[PDB]
Ligand SMILES: NC(=O)c1ccc[n+]([C@@H]2O[C@H](COP(=O)([O-])OP(=O)(O)OC[C@H]3O[C@@H](n4cnc5c(N)ncnc54)[C@H](O)[C@@H]3O)[C@@H](O)[C@H]2O)c1
Ligand SMILES: NC(=O)c1ccc[n+]([C@@H]2O[C@H](COP(=O)([O-])OP(=O)(O)OC[C@H]3O[C@@H](n4cnc5c(N)ncnc54)[C@H](O)[C@@H]3O)[C@@H](O)[C@H]2O)c1
Ligand SMILES: [Cl-]
Ligand SMILES: [Cl-]
Ligand SMILES: [Cl-]
Ligand SMILES: [Cl-]
Ligand SMILES: [Zn+2]
Ligand SMILES: [Zn+2]
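Residue numbers (the numbering used here), protein chains in the order written: chain A, 40 to 397; chain B, 40 to 397.
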């Protein structure tokens, strides 16, 4: 035998450019072989009533689903959506479009997978469980930072917990990166989601699992984040969309760390959304990432960002302990932070003290 | 109608990591459906007698061709190689491997194309002329900087001139980036080929045709080049391989400029190789790229690089004029430098004066 590095599968086709949403209809047309071939549009319901709605190239035969992301995606939701598509028409759609953030894009990835992989989405939560190629699927981010447009995963809250459908088949066939679509995101959520990128970079770049491929992508996306959140460039939306993209590219040969691991306890037990949750966690992690936290804090001041505080002050001991146990279980993240002796530092007590500061 | 941005097609699968050459045999095995399915290895003849030769996973049925790159690739060469493969076996090979620099990788791309596209390689020099998908093809760079592992082109000297087979079908199906394979490149050629990356970045980043996608890739590869040629990092070979890669990625929404346009006259009339030729040209282009040329010159001093000088001092006027006319004809490059009024600055006299300084 020999050791193997990951053979990394990327999004094969991409359009970058402001206004490029207008090209979606042509990309779709190339998949519509028959007159009646149809497309599923999964669209974040934030876009309902906004200028983008009128531009979505929906045909008479197509299925437009408004996705509500008040809660992040779940296996139940995926399974209901996949049955909806199945009841809508006897034919497979020729493409599934995810038009939204990480949540909606992940919904589109997962639906496109479940349309060709029976048994429900929970069954495929894990690594390389998907047996058949997905329906052709297109990702179109309308808020930048998760890198979900680029990744091989779709993160779903299952019967227990948030875990991804990781597979080469998960990857979008096509992405369209049109930063006009993000120009209206509100300041706080713009900050929360873009900090998903920045924080991920900081974590990855301090990790024990890192090569120069991932390092170069993470460095440059962090650089782009600094330009967006500390400077004032006319191309700020294109820069942030590019950062997001580069972040996603960096995932291959890197890992997250202490912020994601903590954030994961907050999300799973207290229902905090992914972006805000990482920001909340990062602000108590100055001992892990002193430079990144200091810079993050200047970024927050620059943009009048106020994080909620005292979230965990009065919670029952038992609820803390549940977050502690979830966080502690994320071995590969803690190994990324501390190396193979991580179990000696990642204690119930050290974690409890972090959560009590949030 | 609407405007369209390019829908950029990238290498779909990639392995990055030192030692990953050992994985080539497994990647090949996945293409060998029948016992007797064969592979073509196109290998730069520099590797003959070197440690790499013994490691190439050549099977009894396979065809190993030593490619001599004393001259850069030509349509005649491509056509002869494609006929050799055709005479070797009645079946199509299941993959074509290019193991070498830009020259060898481009030979592999072009052979893999010609095996499924009859009529000779000259006929396909241009844009999107290829009618049928290529044979599965794998690029494995053994000297870093051209970005040819990433690009949609294969540059061949045709009946006239160097022009590429540009097509989405040209793109490698798989790249393997193993910087162990570049650790032995000699100082001067290491410099010439890595400067292909750096100079390309400088040109692109000053261009009128540039978006933030290409800008971020070009910036980061230029950053990596600076780390390699001005600093002294233990990971210098991984950094340069990554720079090369990122350079290739930047091509989509950018263009070259005055260095490539000049260099092209030198190559076509005087037979200068691509890397050295760009270095030779760049050293007279301080008025176009003052900062890049100054830095390039410190890089040369750091590595005891001496460029040949007085190349054109005594040439016949007529030979200068041929280089001038070739260089002047590269409109899109000159438009990248000066914008749509470029014809008023790009004169016979201005170009002649540059060439007489080389
Ligand atoms: N697949 C992956 O690799 C990956 C990576 C990181 C995170 N994630 C997942 O991504 C999800 C979070 O994604 P996210 O941070 O983009 O947030 P999101 O998709 O939940 O959206 C956040 C909010 O912004 C709103 N929004 C979206 N586009 C907008 C626009 N143009 N204008 C105004 N508002 C807009 C949404 O309606 C929602 O209120 C989580 O479920 C997380 O698990 C996935
Ligand atoms: N397809 C593209 O997008 C693209 C882009 C830029 C340039 N190009 C083309 O690339 C070609 C030049 O490529 P290049 O600069 O890599 O040089 P190359 O392929 O010609 O090789 C240069 C020299 O280095 C030697 N070499 C290669 N690997 C080595 C190793 N491991 N150790 C020692 N010596 C080694 C070669 O034998 C040769 O002498 C030109 O034909 C140019 O037109 C193509
Ligand atoms: Cl829904
Ligand atoms: Cl929340
Ligand atoms: Cl040859
Ligand atoms: Cl030469
Ligand atoms: Zn995240
Ligand atoms: Zn070049």
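C-beta: ideal position from N, C-alpha, C; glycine also.
State the beta-bridge partners of residue i as determined by DSSP.
i, result
"residue 204 (chain B)", "B:165"
"residue 178 (chain A)", "A:137, A:214"
"residue 83 (chain B)", "B:106"
"residue 196 (chain A)", "A:113, A:201"
Compute the Euclidean distance between the alpha carbons of residue i and residue j, then round it to the nearest angstrom.
i, j, result
"residue 172 (chain A)", "residue 83 (chain A)", "25 Å"
"residue 134 (chain B)", "residue 179 (chain B)", "13 Å"
"residue 97 (chain A)", "residue 215 (chain A)", "17 Å"
"residue 317 (chain A)", "residue 223 (chain A)", "22 Å"
"residue 65 (chain A)", "residue 130 (chain A)", "21 Å"
"residue 284 (chain A)", "residue 251 (chain B)", "12 Å"
"residue 147 (chain B)", "residue 176 (chain B)", "7 Å"
"residue 157 (chain B)", "residue 76 (chain B)", "22 Å"
"residue 373 (chain A)", "residue 196 (chain B)", "54 Å"
"residue 155 (chain B)", "residue 132 (chain B)", "11 Å"
"residue 326 (chain B)", "residue 386 (chain B)", "15 Å"
"residue 59 (chain B)", "residue 335 (chain A)", "37 Å"
"residue 100 (chain A)", "residue 113 (chain A)", "27 Å"
"residue 329 (chain A)", "residue 238 (chain A)", "12 Å"
"residue 194 (chain B)", "residue 269 (chain B)", "30 Å"
"residue 276 (chain A)", "residue 229 (chain A)", "10 Å"
"residue 324 (chain A)", "residue 297 (chain A)", "8 Å"
"residue 375 (chain A)", "residue 264 (chain A)", "23 Å"
"residue 359 (chain B)", "residue 301 (chain B)", "11 Å"
"residue 357 (chain B)", "residue 51 (chain A)", "47 Å"
"residue 87 (chain A)", "residue 136 (chain A)", "16 Å"
"residue 152 (chain A)", "residue 125 (chain A)", "13 Å"
"residue 213 (chain B)", "residue 115 (chain A)", "37 Å"
"residue 71 (chain B)", "residue 198 (chain A)", "41 Å"
"residue 90 (chain A)", "residue 144 (chain A)", "20 Å"
"residue 249 (chain A)", "residue 379 (chain B)", "44 Å"
"residue 345 (chain A)", "residue 190 (chain A)", "30 Å"
"residue 181 (chain B)", "residue 170 (chain B)", "30 Å"
"residue 53 (chain A)", "residue 127 (chain A)", "29 Å"
"residue 255 (chain A)", "residue 259 (chain B)", "7 Å"
Ordered along the chain, which non-local residues of its own chain (more than five positions away) have a Cβ less than 6 Å from that of residue i?
i, result
"residue 141 (chain A)", "185, 187"
"residue 167 (chain B)", "206"
"residue 234 (chain A)", "318"
"residue 183 (chain B)", "221, 279, 280, 283"
"residue 363 (chain A)", "387, 390, 391"
"residue 396 (chain A)", "323"
"residue 312 (chain B)", "none"
"residue 78 (chain B)", "67, 101, 132, 134"
"residue 304 (chain B)", "362, 365, 366"
"residue 331 (chain B)", "241"
Identify the contact partners of residue i in chain C, using a Cβ-Cβ distance below 7 Å as the criterion.
i, result
"residue 51 (chain A)", "Here the protein chains are A and B, and chain C is not one of them."
Going by beta carbon distance, what residues of the same chain come within less than 7 Å of residue i, once the five residues before and after it are set aside?
i, result
"residue 192 (chain A)", "203, 204, 205, 209"
"residue 93 (chain A)", "none"
"residue 371 (chain A)", "294"
"residue 231 (chain A)", "314, 315, 318"
"residue 105 (chain B)", "82, 84, 87"
"residue 299 (chain B)", "242, 317, 372"
"residue 57 (chain A)", "217, 218, 219, 277"
"residue 245 (chain B)", "296, 328"
* **Entirely enclosed alpha helix (DSSP H) segments - the segment 234-268 of chain B, minimum 4 residues** => none
* Asked: Could you give the uninterrupted runs of the alpha helix (DSSP H) lying entirely in the segment 342-395 of chain A, keeping only those of 4 residues or more?
  -> 356-367, 370-377
* To do: Mind listing which residues have their beta carbon within less than 7 Å of any non-hydrogen atom of ligand 7? Chain order is fine.
  => A:185, A:235, A:239, A:295, A:299, A:313, A:317
* Continuous beta strand (DSSP E) assignments of at least 3 residues falling wholly in the segment 46-99 of chain B -> 52-55, 78-83
* To do: Please go through the segment 266-343 of chain B and give each complete alpha helix (DSSP H) segment of 4 or more residues, from N-terminal end onward.
  => 275-288, 297-309, 313-321, 329-341
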